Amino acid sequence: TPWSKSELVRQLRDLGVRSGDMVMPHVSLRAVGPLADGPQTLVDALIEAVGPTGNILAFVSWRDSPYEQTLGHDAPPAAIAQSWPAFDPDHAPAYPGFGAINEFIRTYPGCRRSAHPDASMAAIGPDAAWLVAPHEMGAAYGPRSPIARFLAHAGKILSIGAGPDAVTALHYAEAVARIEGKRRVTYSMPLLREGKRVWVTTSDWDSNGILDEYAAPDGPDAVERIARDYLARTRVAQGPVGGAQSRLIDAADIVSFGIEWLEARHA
């Protein structure tokens, strides 16, 4: 049998999602298994589980982010710059590599979307406008970003069959850690500003490895190493959602652990 909305709500409640919570899900739909109405069923169950006062925040990004094509240039190359679509928050699809559920979240009625084209965050709930803005170039996952507000707002991370590399909020620990040698990237995004396309060039912390030893692609990064150490050392609610082994993590706790872990290892 495929899982019904009501069964997933029950499981989410057994795991510890309460009415009013602020949740950031990371979902492997393959693990979950078959759903009554496809992925919309799990979206629907999440919304019901947090209730009319709860909030959902998701890292959705942008299917057509020109990140690789502009990485390391002081300006977009000319082929890119002439023809690349400007980021349109109402219509730009989610990046499919961060989870097929994110396109269902972002198109949910009333969903708000953040303005950062590559780091774009979507939010549903009464606090959604406050969560998603500001979201400036140069502040992808660190202070002043939606992640920072989620951490101040008692956020919980819900990992539904996702691995320890999927914990986006740990890039906040990388941004703020007082460690030597932190990598930075320079890249360019096409924004829509008063109906016109504008290319904006920025630098930010490298989200694909904050130090050279975390930057191999083959290759656990710091997010994954922190999360694995954390999960070995901490009591975390664990249980099934659909067919997937799921965890509910206190986001402020895991980020604090991450800052200490990084600062304890790098001089």
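Each residue number is its position in the shown sequence, starting from 1.
The stretch with the higher mean CA B factor, choosing between 46-54 and 32-40, is 32-40. Mean C-alpha B-factor is higher over 190-198 than over the other stretch, the pair under comparison being 190-198 and 83-91. When the C-alpha B factors of 155, 126, 117, 161 are read from the deposited coordinates, the top value falls at 161. Among the modelled residues of the chain, residue 13 sits in the middle third by CA temperature factor in this PDB entry. The entry lists a Cα temperature factor for residue 214 that places it in the highest third of the chain's modelled residues.
Remark: residue 109 belongs to the highest third of its chain, ranked by C-alpha B-factor as recorded. In the PDB entry, a CA B factor belonging to the middle third of its chain's modelled residues is recorded for residue 135. Ranked against the other modelled residues of its chain, the C-alpha B-factor of residue 165 as given in the entry falls in the middle third.
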